[PDB]
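Same chain, two forms, each on its own as structure tokens: structure 1, then structure 2.
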Structure 1
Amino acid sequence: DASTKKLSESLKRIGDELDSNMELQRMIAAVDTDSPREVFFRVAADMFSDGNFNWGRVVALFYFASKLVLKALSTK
């Protein structure tokens, strides 16, 4: 419950990759044909359909999903 320098740098590099990743940005923009609820429903299962897990997939799903919430909210 104290040392944070190294973790903070780690989160900056991961976070900056997600924030500037053109492919991830392109995918978020490609599902602007409505129902962000159903796309999340699908991608969430399909991305772990091979039985693998790592926290790169988690944060990728967090980022993609957090943008679908924005779009979902933009309908009211």
Structure 2
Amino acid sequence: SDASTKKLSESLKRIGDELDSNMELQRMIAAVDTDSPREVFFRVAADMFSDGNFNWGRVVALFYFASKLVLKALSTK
């Protein structure tokens, strides 16, 4: 069990670090300024299906981006 279990947790580590250090994500988190809230969320979520190529990568990318931004806004208000 243990070598397969380590491969996975290493991989899980690489994924979180990649998201934490991705500069495109950090750029996008530093520049998004709209008035339509849940609206833009639904917009961005639909394009992730619109091509029919929905996959776990896109889920975690949008969840990370959505929740990082929720916490940064909560940082103030």
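Structure 1 provides the reference sequence; residues are numbered from 1 along it. Here the rigid core means the biggest group of C-alpha atoms that line up within 1.5 Å when the two forms are laid on top of each other.
Threshold 2 Å Cα movement between structure 1 and structure 2 for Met27, core superposed: No: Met27 shifts by under 2 Å between structure 1 and structure 2.
Distance moved by the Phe48 C-alpha between structure 1 and structure 2 (core-aligned, Å): It moves 2.3 Å at the C-alpha.
Core superposition result - C-alpha of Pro36, shift between structure 1 and structure 2, Å: So the C-alpha of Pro36 has moved 4.3 Å between structure 1 and structure 2.
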